[PDB]
């Protein structure tokens, strides 16, 4: 069975990587890509996180993340919150045997700038969806700058795990729910519209053919599947999971049931307690979440490098690290 990107015009390299990723759970080893968040572009992004993991374990994460959007900033123009200077490092990461991932802590276009965690009403959200309003124009200004950055990677044929509008079932980001675990049918509909608006802007308006689209609800809130925009807009489903108990993460059954590859799209300790153990997380994957194709641990205090079990995580027979995607000029096996 071949798994093809949802974008019908995806570049060959992106098609190959998507099919390869989807088949990882058929392997007996090297079946879960490691990953780490590298930081926010021109703010905290650097190679330090990758280098610390390598110093701690001898291995580097297969996936390296950057976030273009510093959505807390109050800026003259809303799009000033976007910075794409991490691109060079992302392209180099691909060249050197890993895969880049981009997320977006978008500023809130209901406001002049910033306000990324300020909740908005459905009436405000409707304005954001309408390209003719000041709110819609602010959204499109951000999307345009993001797309300019993404184009740089496309020009070198670099596939990107693109994970927009994450944790939408949470109540913290402007694009999500407004109250804790409170179903709002209109908000769910509007979210799907917003995700599709970004999909169409990137794919059709901007012709971006190197993107693999990731849908990532939070594990610690309800409604993991209600926000799913549909099979034609999503390549990979996953959970952002911050926890103490690796074995009690909710949502894996619901998301794998959508018949898309599944990942732990963010992971880390819920609290800095000295109790968190990444060796237990990989064990939980083997026992509880075997269809997992990758994890992306956050940086700073959430980092694999500074938490217990880093070596066991990175050396587990299941873990696939930087340099293990390609075997020189050949691709490592696609198992059916």
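Residue numbers count along the first chain shown, from 1.
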| query | finding |
| --- | --- |
| Given 144 to 152 and 123 to 131, the range whose Cα B-factors average higher in the PDB entry | 123 to 131 |
| Of 326 to 334 and 3 to 11, the stretch whose C-alpha atoms average the higher B-factor in the entry | 326 to 334 |
| Selection by C-alpha B-factor (highest) of 293, 69, 62, 304 | 304 |
| Identity of residue with top Cα B-factor, from 108, 103, 77, 216 | 77 |
| Where the record places residue 163 (Cα B-factor, split into thirds across the chain) | lowest |
| Residue 37 CA temperature factor, ranked by third within the chain | lowest |
| Residue 267, C-alpha B-factor rank within chain (lowest, middle or highest third) | middle |
| CA B-factor placement of residue 138, once the chain's modelled residues are sorted into thirds | middle |
| Relative C-alpha B-factor of residue 19, binned into the chain's lowest, middle or highest third | lowest |
